[PDB]
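In what follows, a structure is listed as structure tokens, so that the remarks can point back to it.
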Amino acid sequence: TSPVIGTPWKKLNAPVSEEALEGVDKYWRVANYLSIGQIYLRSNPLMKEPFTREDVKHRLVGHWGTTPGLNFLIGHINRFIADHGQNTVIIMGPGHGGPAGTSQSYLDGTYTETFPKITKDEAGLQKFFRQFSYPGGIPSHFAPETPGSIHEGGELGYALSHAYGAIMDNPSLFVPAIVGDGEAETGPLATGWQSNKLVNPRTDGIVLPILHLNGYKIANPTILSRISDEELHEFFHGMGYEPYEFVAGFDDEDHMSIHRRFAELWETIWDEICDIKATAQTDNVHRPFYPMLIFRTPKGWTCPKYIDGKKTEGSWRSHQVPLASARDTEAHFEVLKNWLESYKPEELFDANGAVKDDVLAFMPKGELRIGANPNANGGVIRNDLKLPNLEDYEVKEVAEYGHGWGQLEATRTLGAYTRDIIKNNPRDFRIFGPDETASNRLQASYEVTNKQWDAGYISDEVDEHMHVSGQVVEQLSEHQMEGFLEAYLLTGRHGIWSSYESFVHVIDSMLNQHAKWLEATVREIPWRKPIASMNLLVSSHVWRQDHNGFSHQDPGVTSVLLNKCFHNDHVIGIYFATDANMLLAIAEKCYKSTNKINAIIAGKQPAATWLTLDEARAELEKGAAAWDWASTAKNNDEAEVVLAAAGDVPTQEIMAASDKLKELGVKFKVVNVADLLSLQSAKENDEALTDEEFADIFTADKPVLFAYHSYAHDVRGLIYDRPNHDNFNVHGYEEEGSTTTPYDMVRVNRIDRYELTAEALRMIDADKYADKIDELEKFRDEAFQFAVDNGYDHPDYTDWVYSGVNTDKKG
Amino acid sequence: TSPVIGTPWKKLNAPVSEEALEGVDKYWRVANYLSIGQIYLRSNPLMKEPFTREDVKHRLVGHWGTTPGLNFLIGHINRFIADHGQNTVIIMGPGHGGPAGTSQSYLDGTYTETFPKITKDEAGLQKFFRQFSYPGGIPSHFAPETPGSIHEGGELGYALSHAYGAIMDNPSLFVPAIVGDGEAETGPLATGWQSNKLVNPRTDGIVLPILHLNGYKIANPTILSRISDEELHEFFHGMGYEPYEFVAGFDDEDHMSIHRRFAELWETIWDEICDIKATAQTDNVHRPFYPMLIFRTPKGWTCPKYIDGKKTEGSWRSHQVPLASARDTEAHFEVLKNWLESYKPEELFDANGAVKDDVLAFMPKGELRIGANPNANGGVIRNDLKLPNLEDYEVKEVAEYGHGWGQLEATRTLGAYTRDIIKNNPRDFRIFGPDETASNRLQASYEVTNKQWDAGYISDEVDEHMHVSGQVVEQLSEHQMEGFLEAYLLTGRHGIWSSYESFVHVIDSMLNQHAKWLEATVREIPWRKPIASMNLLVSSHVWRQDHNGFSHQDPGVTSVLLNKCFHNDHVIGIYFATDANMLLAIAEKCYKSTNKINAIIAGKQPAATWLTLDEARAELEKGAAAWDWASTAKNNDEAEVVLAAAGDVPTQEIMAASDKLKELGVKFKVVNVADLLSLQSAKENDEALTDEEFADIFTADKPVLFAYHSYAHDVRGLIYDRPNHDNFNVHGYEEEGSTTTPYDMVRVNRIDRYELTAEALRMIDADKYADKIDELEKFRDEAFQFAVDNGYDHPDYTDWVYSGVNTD
Ligand SMILES: Cc1ncc(C[n+]2csc(CCOP(=O)(O)OP(=O)(O)O)c2C)c(N)n1
Ligand SMILES: Cc1ncc(C[n+]2csc(CCOP(=O)(O)OP(=O)(O)O)c2C)c(N)n1
Ligand SMILES: [Ca+2]
Ligand SMILES: [Ca+2]
């Protein structure tokens, strides 16, 4: 569970000291200096004679405009953390203000502690200016390479979903979530405001949304800055916030006056948050209006007002760099020099080039520092789940009635297993669902917890399995469910979410961003300890969206995940739940795993169980296994065709083909693939089957009929250097189907049992088998026509049970 | 340009007639009956004795919950259309409400006109009930197979972005956009509300957002129905709307009282909209507060209140079917029977089983009808653009100074072309961008038009190229820009939008849904005329996101688009602008095309021009071409290695390697690829190169070093059955990068000129050249180290120019 840190939710009951405000002004000035320094200077960090164009970097890379805003807020939060003892994690929505985040870590000690080459002196300061956005150095964004970051803010939108995910089951945590006014125009951000009706002020922590209303994005004004202030206040009140507005920097107000006004406001907001936390110990069933801050300041605040006659402070022109070159001319250099000097850095550094003690007297210390809080390195907090014994959930009927038994919905097994995981691991595991948890059959969870809901209740006849506190959360937003969970994993907890397969694509770019976070982490951030895996149950899949139709038929998250399977990072897993027992096998593996995105493709429709838990655990360890109990060939040399499947529905259609081939006395091998990446090039992936193991399973020379769950392109591109790759006949989804019958969905994509039988005969001998093939094709047309006439499927398709099932026995 | 249809923005100046309201109530009842009928009945549409469980469908497919509220709004909108002559297109957010849409088109005559087997009698009604969500039949959603749909609503969120796109440069058009209250929880919808400060009430039409506040989604309440009414109204007011709220169905109020309250409310809202349209002819610089309607009715309205002792009307339980089976028992069939009879069909149908004249007297007529308005079949409005002469934008310098000239930003060329397409086609063409138009270099457009901004103006020192009216729109939302444009295309207009390549993935799922829309259309909807193409400029790409870092480095939109390339549909284009000329070649083709998504991948970084417009146009027609002027081999037998590239940067590094292999006198073919899909199996894609043409270009039997823009898996999967496929050595992006130098970006992905030369040498003979291979590998490290020391790239990299150029 989340640890309690410091003294949470304490009022100051005293005004902020003048001496501490002086510290903030100094932090502000030095953080600006270090920010400009990282963008502009390759050398000579303290500007000692001779200070020249040779000291400036050749290409300017990085973003000023947001940075002085961020540096002002982070200074005042640091003051706040130290005076109060508050467990604080920030979310920098504008992750392109990465200089503010590196500056914070350098000034709080965590940078030097983590990178000992980057010392607190002139030499270290020069290394630090240089390395920013620089070949062999560090990113331009608040990247995972930065102490205090759980949010890079490269792809904008996820500021508020991440903030709200971080505070769940984290009642000591406070998250000032800084949101760009451009980022507020994105869809994911717009709906993230609404998260305040899915958290509880007693069992969850608190988010203080801060709107960085600097008036501009790259090249345009922001919508929220150019509407009336009355509209802006109403909008935030209507979304269940008590909005406060701070305006500064548009006039001649002295910097100390601004600091006084801001600390006074901030303490007022904090007093209101402390009243909320205090009330919540008594009454947590009444949703309060959570404070939020509208921070209205000119973009690029404290850069030159005009440069070469164009307004730069309080404009979009300050967004990247207000001054496009300091090398090209002397007058441009003159502006950089005067700009850096306006911060009077002779008052901020000692003669060693260390920051003076009175610039940092006010800073927090130890684990309260933004860079050091374990919430921002959640791996240090994370423990292994207490897993119940997998064998308790095994479908046993396979062991006694035979392979292919039953009409079970596989996901109900993951449902029961996950339920007991929540019971044994309370406050450490969450399920998220875009109004689909029960549709994907995971509602066994409601037996030990509730959907968490902090909007209105009206009636026991409709408000079932909801409570103001609980470990299932639903909102109809794939962005919120991915967001919440990601932050939940990043602050050191566990969980899963499910989605209908086609709508996973809604959050393809979040999967990309979270993969990239994990890629950089496992490659070059050994101090960032492993977090729990992002477990995604991909259900209600293409082959059984016959009832919703073509809009819902897109299994291609598989193709998108394959684009993050490089470098032996091993941050992606892609599993095909053959049946409920293989679903358990995959669930154990993913629930124990760390630093991954696990995509678990599994059907909720009634389907046969093929494997015992033992056979499934064994098949999963290698990724593909031959099925000697289903093969009629005794070894590879006797086999005329290999039948291979990846996916519950292709396994079903391949095993019903197998039975038709057995009755014609064909000699076939049956292969099953649970782990897509097992087939990847052994040159590319050191966990894949070797060519030796590949050749043995799939044979070196015999024709392979491969029925794949998703698009053939996936498998064909994976196996390009494998033995016998030219003999793979891959069937998959081909952008066909409609509102139709289960048989029609497989038929129209040329993966039904009859076409697979036909295909197997074609591959052995078209001439020898020409007759049976024609019979098989006419039956396909006949089976379709049966559906059109009757409105359900042919009994050959419906009433089929694998020959291996002892159906004599009344079970 | 959009047509003016009917008599727009007309007040009634009279109460709604008692007789129209009675028509409306009959529309609601029959429409509900047709709706339940489609979900539950295989036969006996009018329940003529004997009426048994043999008449009910075995598998119930479809959604009742939303459907009665939809049938109510559309009855009332039908009344309003006829009484006012208002050009009206509806957006059914809750697309799962398919039955309200099919019912609409049956009742207005467009269904029987489009589908003549579906007659206005017992026999047709039997076909109409059965075919719904039935094998052989029609979809469960407001699909493109339905007259009146420009919006399926299968994937929720896109209701307001499509609504607002439809009304742009469409001043006579009115779009009531029906938004689910579940759908309002999605991100794309949340931001769509704000579209009201990007439209002008004089040059654009009007959207009336309608929140279907029915209190529930599948298995949960909705946030927006369980917050205070005060918070709900502040929320809409703060997004610049005048919220109006209608509550009905929670008590015993009689249907006719409900209809009267509703029409009166609807006309009061209509008057306010007409005042806004009249004001806008004099003052169109002050943004009005646009009405919206909060519609609060019980989910499943008019279904049985309780079923098996569980609450069904005003519950999530009504979402799909309130009554799970009608065949399992007689008690369940009895419930179905009683429910159908509650509507009193005996009053609605004559003995032929045609709908009675006095049910449809109130309905609009001709092109004012929801199913026949040409805005909902925009291909009939669509005209070919007046394109300017491509030759006028040619980079002519290639012809004078040679292949490899200059350091031009290619996208500036597409920017000039597009500017003049706007000048020649005013009100027919729009650019959208997510705060990136200028960054992607399309700002030549500002020479003839402005960014359209209907929020506040403060100062000429910051408000450059903005006007309350204009053909460029920007909001920082990929969903909005994709949304606006889709609707703009579907109502018969043209355009383009640009994104940074990594952030195209934000809208992967929208390209999926549009692709599927087009896929359904070219296959089986010949009455839906072709629309203009969704043209997406994919720029600021992976190889030159070295100033922003790993977050901006994902070119895998290519992999996603390849998943919509089957059945010879030809609804996807994937193109790589080799240079500005090849970009013009691709733009012309894309701007003349219909029924496509076109992904145009082009660099905005300074880069060489390789091709004349003529060689560009000839290369593009085939999709790939040998570059004989760059090859040293003069036929394929004489060739030792083939150098292939797709992408401005791969092309650059392959042409630099070619110059390095020329110095060693290797005999190599150079191939450029501009159209990814030309490589697709000839058995799969009938527009692709033949095996003949493929083996001629790439050779039958020699080693091919292919440098690819995106992920090598793309190509490896495309060419599985091409001859000589096993000799393809494919390098592409490999999830390596950082914020670094151009050289470092290609180096760390093994696509830099030096590695590509080495790899060519390895593939001809690793021993012969081992010395020269090894030297190349050390220069890679030397070149990296240079950049670390100096902070800019080694001049062998920086300063190179193709031997083919005159540098004197
Ligand atoms: C989803 C997405 N689209 C586009 C971009 C490109 N981009 C980066 S910064 C930016 C403007 C953001 O402005 P704002 O949120 O106002 O931040 P600030 O002004 O504080 O820099 C844009 C469009 C992005 N990072 N993410
Ligand atoms: C993006 C997306 N996520 C999830 C779904 C699954 N889904 C289908 S309809 C629906 C509920 C929508 O409820 P609402 O919008 O309130 O419609 P209504 O109550 O009018 O039926 C859900 C979750 C979807 N279609 N699209
Ligand atoms: Ca901003
Ligand atoms: Ca609803």
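Note on naming: chains are A, B, ... as they come in the structure tokens, residues start from 1 per chain, ligands start from 1 in the order shown.
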Report as JSON, numbers by chain which protein, DNA and RNA residues come within 6 Å of ligand 3, using only C-alpha atoms and all ligand atoms.
{"A": [180, 181, 182, 213, 214, 215, 216, 217]}
Output file for the selection above: N, CA and C atoms, as an mmCIF file, in the first residue's frame:
```cif
data_model
loop_
_atom_site.group_PDB
_atom_site.id
_atom_site.type_symbol
_atom_site.label_atom_id
_atom_site.label_comp_id
_atom_site.auth_asym_id
_atom_site.auth_seq_id
_atom_site.Cartn_x
_atom_site.Cartn_y
_atom_site.Cartn_z
ATOM 1 N N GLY A 180 -1.431 22.835 -19.161
ATOM 2 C CA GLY A 180 -1.322 23.904 -20.176
ATOM 3 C C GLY A 180 -2.687 24.384 -20.679
ATOM 4 N N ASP A 181 -2.827 25.646 -21.077
ATOM 5 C CA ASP A 181 -4.143 26.142 -21.549
ATOM 6 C C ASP A 181 -4.375 25.666 -22.989
ATOM 7 N N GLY A 182 -3.307 25.381 -23.737
ATOM 8 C CA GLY A 182 -3.339 24.624 -24.996
ATOM 9 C C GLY A 182 -3.702 23.168 -24.760
ATOM 10 N N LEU A 213 -2.505 29.487 -17.554
ATOM 11 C CA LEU A 213 -3.307 30.310 -18.473
ATOM 12 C C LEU A 213 -2.400 31.440 -18.919
ATOM 13 N N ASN A 214 -1.391 31.070 -19.686
ATOM 14 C CA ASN A 214 -0.354 32.017 -20.155
ATOM 15 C C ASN A 214 -0.818 32.677 -21.455
ATOM 16 N N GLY A 215 -1.997 32.326 -21.953
ATOM 17 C CA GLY A 215 -2.684 33.081 -23.020
ATOM 18 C C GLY A 215 -2.482 32.467 -24.397
ATOM 19 N N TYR A 216 -1.570 31.488 -24.546
ATOM 20 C CA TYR A 216 -1.031 31.054 -25.860
ATOM 21 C C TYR A 216 -0.580 29.598 -25.812
ATOM 22 N N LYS A 217 -0.614 28.981 -26.985
ATOM 23 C CA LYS A 217 -0.012 27.669 -27.298
ATOM 24 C C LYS A 217 1.137 27.984 -28.287
#
```
Taking the DSSP secondary structure from the backbone, can you list the residues of segment 411-440 of chain B that are alpha helix (DSSP H), as a count of residues only?
14
Ligand 4 neighbours within 10 Å using only C-alpha atoms and all ligand atoms, as JSON, numbers by chain:
{"B": [65, 66, 94, 179, 180, 181, 182, 183, 184, 211, 212, 213, 214, 215, 216, 217, 218, 220, 221, 222, 224, 225, 296, 297, 298, 299, 300, 315, 316, 319]}
Limited to C-alpha atoms, could you put the picked residues into a file as an mmCIF file, in the first residue's frame?
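For reference, out.cif as written:
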```cif
data_model
loop_
_atom_site.group_PDB
_atom_site.id
_atom_site.type_symbol
_atom_site.label_atom_id
_atom_site.label_comp_id
_atom_site.auth_asym_id
_atom_site.auth_seq_id
_atom_site.Cartn_x
_atom_site.Cartn_y
_atom_site.Cartn_z
ATOM 1 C CA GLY B 65 -32.602 1.945 -24.375
ATOM 2 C CA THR B 66 -31.724 5.079 -26.446
ATOM 3 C CA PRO B 94 -25.905 7.185 -29.885
ATOM 4 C CA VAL B 179 -25.100 13.504 -27.868
ATOM 5 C CA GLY B 180 -25.305 10.493 -25.522
ATOM 6 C CA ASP B 181 -24.744 11.294 -21.828
ATOM 7 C CA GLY B 182 -22.352 8.293 -21.701
ATOM 8 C CA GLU B 183 -20.735 9.626 -24.918
ATOM 9 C CA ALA B 184 -20.302 13.027 -23.101
ATOM 10 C CA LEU B 211 -27.805 16.032 -24.546
ATOM 11 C CA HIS B 212 -29.726 12.698 -24.453
ATOM 12 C CA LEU B 213 -29.611 12.873 -20.654
ATOM 13 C CA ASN B 214 -31.398 9.494 -20.201
ATOM 14 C CA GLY B 215 -29.409 8.955 -16.960
ATOM 15 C CA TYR B 216 -27.445 5.750 -17.903
ATOM 16 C CA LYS B 217 -24.911 4.078 -20.268
ATOM 17 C CA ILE B 218 -24.529 0.201 -20.447
ATOM 18 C CA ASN B 220 -23.715 2.619 -14.893
ATOM 19 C CA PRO B 221 -25.314 6.000 -14.392
ATOM 20 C CA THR B 222 -23.762 8.967 -16.284
ATOM 21 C CA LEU B 224 -23.787 14.452 -16.073
ATOM 22 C CA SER B 225 -27.142 13.066 -14.846
ATOM 23 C CA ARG B 296 -33.995 14.405 -19.510
ATOM 24 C CA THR B 297 -36.233 11.335 -20.166
ATOM 25 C CA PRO B 298 -36.183 7.779 -18.696
ATOM 26 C CA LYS B 299 -33.910 5.328 -20.564
ATOM 27 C CA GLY B 300 -36.034 2.811 -22.537
ATOM 28 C CA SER B 315 -32.555 1.898 -15.914
ATOM 29 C CA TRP B 316 -29.335 0.721 -17.581
ATOM 30 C CA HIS B 319 -29.815 -0.530 -22.633
#
```
If we count only C-alpha atoms, which residues of chain A reach to within 6 Å of chain B? Please list them as a VMD selection string.
chain A and resid 61 133 to 135 139 154 182 185 to 188 190 to 191 226 to 227 231 to 232 234 to 235 238 455 to 456 476 to 477 505 to 506 509 547 551 713 716 to 717 739 to 740 788
So that I can see what lies close to residue 712 of chain A, please list as a ChimeraX atom specification the residues with an atom at most 8 Å from it, counting only C-alpha atoms and leaving out residues fewer than 4 positions away in the same chain.
/A:708,716,730-733
Output file for the selection above: C-alpha atoms, as a PDB file, in the first residue's frame:
```
ATOM      1  CA  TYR A 708      -4.293 -16.049 -36.846  1.00  0.00           C
ATOM      2  CA  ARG A 716       4.171 -12.756 -42.104  1.00  0.00           C
ATOM      3  CA  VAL A 730      -1.720 -17.482 -42.904  1.00  0.00           C
ATOM      4  CA  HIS A 731      -5.475 -16.722 -42.659  1.00  0.00           C
ATOM      5  CA  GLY A 732      -6.565 -13.796 -40.426  1.00  0.00           C
ATOM      6  CA  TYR A 733      -9.082 -10.921 -40.324  1.00  0.00           C
TER       7      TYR A 733
END
```
Might you pull out every residue within 10 Å of residue 271 of chain A, with only C-alpha atoms counted and same-chain residues fewer than 2 positions away left off, and present them as a PDB file with C-alpha atoms, in the first residue's frame?
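The resulting file, around.pdb, is reproduced below:
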```pdb
ATOM      1  CA  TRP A   9      -3.186  18.184   5.514  1.00  0.00           C
ATOM      2  CA  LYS A  10      -1.735  20.655   8.133  1.00  0.00           C
ATOM      3  CA  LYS A  11      -2.687  24.358   8.117  1.00  0.00           C
ATOM      4  CA  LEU A  12       0.157  26.842   8.847  1.00  0.00           C
ATOM      5  CA  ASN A  13      -1.952  28.862  11.388  1.00  0.00           C
ATOM      6  CA  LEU A 265      -3.834  32.909  -1.910  1.00  0.00           C
ATOM      7  CA  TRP A 266      -2.091  29.474  -1.916  1.00  0.00           C
ATOM      8  CA  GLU A 267      -2.402  29.206   1.920  1.00  0.00           C
ATOM      9  CA  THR A 268      -6.166  30.120   1.552  1.00  0.00           C
ATOM     10  CA  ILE A 269      -6.559  27.320  -1.067  1.00  0.00           C
ATOM     11  CA  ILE A 273      -8.221  21.591   1.176  1.00  0.00           C
ATOM     12  CA  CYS A 274      -7.430  20.926   4.901  1.00  0.00           C
ATOM     13  CA  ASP A 275     -11.101  21.616   5.804  1.00  0.00           C
ATOM     14  CA  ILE A 276     -12.085  19.068   3.088  1.00  0.00           C
ATOM     15  CA  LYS A 277      -9.654  16.371   4.415  1.00  0.00           C
TER      16      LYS A 277
END
```
Residues at most 9 Å from residue 75 of chain A, counting only C-alpha atoms, excluding those fewer than 5 positions away in the same chain, as an MDAnalysis selection string?
chainID A and resid 23:28 31 70 80 104 363
Name all residues at most 10 Å from segment 272-274 of chain B (count only C-alpha atoms; drop same-chain ones fewer than 6 positions away) and give them as a ChimeraX atom specification.
/B:8-11,174,201,206-208,242,280,288-291
Neighbour list for residue 679 of chain A as JSON, numbers by chain, cut-off 9 Å, only C-alpha atoms, skip fewer than 5 positions in-chain
{"A": [623, 624, 673, 688, 689, 690, 694, 715, 718, 719, 722]}
Contacts between ligand 2 and chain A, please, where a residue of chain A counts if it comes within 12 Å (with only C-alpha atoms and all ligand atoms); show its shortest atom pair and distance in Å to one decimal, rows by chain and ascending number, as a Markdown table.
```
| residue | atom | partner | partner_atom_place_in_ligand_line | distance |
| --- | --- | --- | --- | --- |
| A:433 | CA | ligand 2 | 23 (C) | 9.3 |
| A:434 | CA | ligand 2 | 4 (C) | 6.1 |
| A:435 | CA | ligand 2 | 23 (C) | 5.0 |
| A:436 | CA | ligand 2 | 23 (C) | 6.3 |
| A:437 | CA | ligand 2 | 23 (C) | 10.0 |
| A:438 | CA | ligand 2 | 23 (C) | 11.0 |
| A:439 | CA | ligand 2 | 23 (C) | 9.4 |
| A:440 | CA | ligand 2 | 6 (C) | 11.1 |
| A:474 | CA | ligand 2 | 23 (C) | 9.8 |
| A:475 | CA | ligand 2 | 23 (C) | 8.6 |
| A:476 | CA | ligand 2 | 23 (C) | 5.7 |
| A:477 | CA | ligand 2 | 3 (N) | 6.5 |
| A:478 | CA | ligand 2 | 3 (N) | 6.6 |
| A:479 | CA | ligand 2 | 1 (C) | 9.5 |
| A:480 | CA | ligand 2 | 3 (N) | 11.4 |
| A:481 | CA | ligand 2 | 3 (N) | 11.0 |
| A:498 | CA | ligand 2 | 4 (C) | 10.8 |
| A:499 | CA | ligand 2 | 4 (C) | 7.7 |
| A:500 | CA | ligand 2 | 4 (C) | 7.3 |
| A:501 | CA | ligand 2 | 4 (C) | 10.0 |
| A:502 | CA | ligand 2 | 2 (C) | 8.8 |
| A:503 | CA | ligand 2 | 1 (C) | 5.6 |
| A:504 | CA | ligand 2 | 1 (C) | 8.5 |
| A:505 | CA | ligand 2 | 1 (C) | 9.0 |
| A:506 | CA | ligand 2 | 1 (C) | 6.6 |
| A:507 | CA | ligand 2 | 1 (C) | 9.7 |
| A:540 | CA | ligand 2 | 6 (C) | 10.5 |
| A:545 | CA | ligand 2 | 6 (C) | 11.7 |
| A:547 | CA | ligand 2 | 8 (C) | 11.8 |
| A:548 | CA | ligand 2 | 8 (C) | 9.0 |
| A:549 | CA | ligand 2 | 25 (N) | 11.1 |
| A:550 | CA | ligand 2 | 25 (N) | 11.8 |
| A:551 | CA | ligand 2 | 25 (N) | 8.7 |
| A:552 | CA | ligand 2 | 25 (N) | 7.9 |
| A:553 | CA | ligand 2 | 25 (N) | 11.7 |
```
Taking only C-alpha atoms and all ligand atoms into account, produce a table as CSV in which each residue of chain A with an atom at most 9 Å from an atom of ligand 1 appears once, together with its shortest atom pair and the distance in Å to one decimal, ordered by chain and rising number.
```
residue,atom,partner,partner_atom_place_in_ligand_line,distance
A:63,CA,ligand 1,21 (O),7.4
A:64,CA,ligand 1,21 (O),8.1
A:65,CA,ligand 1,21 (O),5.8
A:66,CA,ligand 1,20 (O),4.0
A:67,CA,ligand 1,20 (O),7.6
A:69,CA,ligand 1,20 (O),7.8
A:70,CA,ligand 1,20 (O),8.3
A:93,CA,ligand 1,15 (O),7.4
A:94,CA,ligand 1,17 (O),5.1
A:95,CA,ligand 1,9 (S),8.3
A:96,CA,ligand 1,9 (S),6.5
A:97,CA,ligand 1,21 (O),7.1
A:153,CA,ligand 1,25 (N),7.4
A:154,CA,ligand 1,25 (N),5.1
A:155,CA,ligand 1,26 (N),4.0
A:156,CA,ligand 1,26 (N),4.3
A:157,CA,ligand 1,1 (C),6.4
A:179,CA,ligand 1,15 (O),7.0
A:180,CA,ligand 1,15 (O),3.5
A:181,CA,ligand 1,16 (O),4.3
A:182,CA,ligand 1,15 (O),3.3
A:183,CA,ligand 1,15 (O),3.9
A:184,CA,ligand 1,15 (O),6.7
A:185,CA,ligand 1,15 (O),8.0
A:186,CA,ligand 1,1 (C),6.9
A:212,CA,ligand 1,20 (O),6.0
A:213,CA,ligand 1,16 (O),7.3
A:214,CA,ligand 1,19 (O),6.1
A:215,CA,ligand 1,16 (O),7.2
A:216,CA,ligand 1,19 (O),5.2
A:217,CA,ligand 1,13 (O),3.5
A:218,CA,ligand 1,11 (C),4.7
A:219,CA,ligand 1,11 (C),8.1
A:220,CA,ligand 1,11 (C),8.9
A:221,CA,ligand 1,16 (O),8.4
A:222,CA,ligand 1,16 (O),6.7
A:299,CA,ligand 1,19 (O),6.6
A:300,CA,ligand 1,19 (O),8.8
A:316,CA,ligand 1,19 (O),7.5
A:318,CA,ligand 1,19 (O),8.9
A:319,CA,ligand 1,21 (O),6.0
A:320,CA,ligand 1,21 (O),8.2
```
Pick out each residue of segment 266-459 of chain A that DSSP on the backbone tags as strand (DSSP E or B); I need them as a ChimeraX atom specification.
/A:290-296,306-307,310-311,349,355,405-409,429-433,451-452
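Atom CA of residue 723 of chain A is found 8.7 Å from atom CA of residue 692 of chain A.
Atom CA of residue 89 of chain B sits 27.7 Å away from atom CA of residue 421 of chain B.
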Separating atom CA of residue 706 of chain A from atom CA of residue 642 of chain A, to the nearest tenth of an Å, is a gap of 8.1 Å
